[PDB]
Every structure is written in C-alpha cells, then in structure tokens.
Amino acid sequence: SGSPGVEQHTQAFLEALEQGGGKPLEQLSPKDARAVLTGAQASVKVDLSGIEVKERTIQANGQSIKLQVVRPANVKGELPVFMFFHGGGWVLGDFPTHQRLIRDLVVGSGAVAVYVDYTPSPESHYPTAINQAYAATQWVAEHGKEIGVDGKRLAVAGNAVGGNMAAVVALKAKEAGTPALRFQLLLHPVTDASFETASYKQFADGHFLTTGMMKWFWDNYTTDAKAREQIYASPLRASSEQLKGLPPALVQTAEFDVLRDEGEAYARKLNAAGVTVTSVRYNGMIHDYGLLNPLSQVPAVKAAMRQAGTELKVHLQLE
C-alpha cells in the first residue's frame, strides 16, 4: 500500500483497502463492480446539507436524458450553472455515488450543478455518452430558465472519466460553435488511451486506481483503436489548432495517480494553444480524492475542494 510521501490519512485508507482484499474490481461483472462503489460511498457519514435536488428529464440527442439539478438551498433567482459529468471509468458511477462531491461543488461555488445521467459502458460504447453529455449541455444553454439557471453562464466539470467528458464536451462545443462556455473544471481527468506515462508506470498498483482498472475501463468504453485515436476519446492527441479558443481550465491532479502525467500534459497543451490554464498538483494525494467519501475530511482534500468551488464561482459571475 502507498509510498513515501502519501498523506497520513490517505495512507491509512490504502492500508485498509489492502487488508481484507476482495477480488480485483476489473474481475467483477459491471453490476457487482457498481455495487462496490455504491457500498463504499455509503459507508461514511457525510454532510450533504445546503442543496435542493430535483430530477428533470429532457428530450435531446433524439432521446430522453435524465438530469439531476442540484441547486444551492434557499436562493432565489436564476443562478449560473455547471454541467457535472461523473467518473467511475464509464462502467461505474451514478448520481448518488457522486452526490457528496457534487454537493461540495455546489455549496462552495454558489452555482447550480446539472448532473447528466449518461448511459454506462458496456451497455453503450463511445461515443454514446459524450454525445448525450454534449446534447444536455446545449440543452441547458438554451433552456436554462426551465430549471432555474442562467444558461449563458455555463461551465463543465467532472472527475476522472468525467473530466475526460468535460474536456471533450468543451471540444464538441468548439466544433459545433455552441454553446459558449465560461470554464472547464477537470478533476484528475483521463486524457489519453495509452498507458506508458511515468505516472502509469510508477503507480501501477497500490494506489487505489490501478493500471489494470484503467485498461478494463477503456476496454468497456471501446476497443475500436481508431475511435481511441480521435480527440473526442483521447483529447491529449489534439493539436494546438484544435485546442485554440477552449474555455479557461482548472486542472487538479494527484501526486500518486496513474493519470497524473496525462492530466498535467493536457494542461500544457492547452497552455501552448493559448488557453488560460491553472494546473495544480496536490501532493500526497491519490486519484480522485474529491470523489472518495472516506477521504472527504482530510485537510488537503478540503483545501482542494474549497479551490474547486471558488474557481467555479470566479468564472460564473455576471459580466
């Protein structure tokens, strides 16, 4: 478990995982793997106060798409808004597993989150979910009044493959010429369908997210090699010209995460393309510390969450 330099509570978490192992996640059926995350997130008392949650089903992408709209409690008027794309490696995850993370971003930013219930993998494959994600984002931009938001002040946010999804939705919005986006919040994003970065090599196991999981996640998403080479799957492969004009980004990475290097590399490519980027590595931390309910009271995690909420707020102001 862990490494020299892992933050103390995080290291204890890793050791607890190592104890009483269980089968590797990637050896489970999608149903059983989904239940592992559900059970783990439900195992910890967490503050979910300060929010008003309501479901809305929309017609877009030529289908019905379910949204969970999460609004700061006791606030009147149209509020700015961020789309929220959940992580879980495409196979896992949903709204309640991610509700604490979403709640923290909403309460900290004062903005409304719109969770999009994209179709999981392998039930669907690329590009089904990203097309749903984009469709919902366009819908919010043009129909925001219906759910109490100002669709002209619109960001995208997500963790892990949700960070992939947020980045790709920003690219799709550029491709489509609409909608205008204020900001992209990328928390430990997946950015490349390749597994040879220094961080992938160093943290292959023992640090929660493993290389084995990442390959399984990608395989469930799509085994089409040409699909994986597209910028809408692996945005790290985009040229400077393709990245030009994307909205300002905050990218948080974790020191002990296989995805650390590709996230920081994507931030560099955005910067080289003239996009405004803040790229921050949280040392001592593991992958997706912001999702994990058992880590939500770690002081560094709280600091990272204060930052994520504040930066959403900064970019969602009037004028």
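Numbering starts at 1 and follows the sequence shown.
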| query | finding |
| --- | --- |
| Stretch with the higher entry mean CA B-factor, where the candidates are 61 to 69 and 48 to 56 | 61 to 69 |
| Average Cα temperature factor in the PDB entry - higher stretch of 224 to 232, 79 to 87 | 224 to 232 |
| Ranked C-alpha temperature factor of residue 125 among modelled chain residues, by third | middle |
| Position of residue 293 among the chain's modelled residues by C-alpha B-factor, lowest, middle or highest third | lowest |
| Third of the chain's Cα B-factor distribution that residue 147 belongs to, per the entry | highest |
| Position of residue 131 among the chain's modelled residues by C-alpha B-factor, lowest, middle or highest third | highest |
| For residue 197, the third of its chain into which the C-alpha B factor falls | middle |
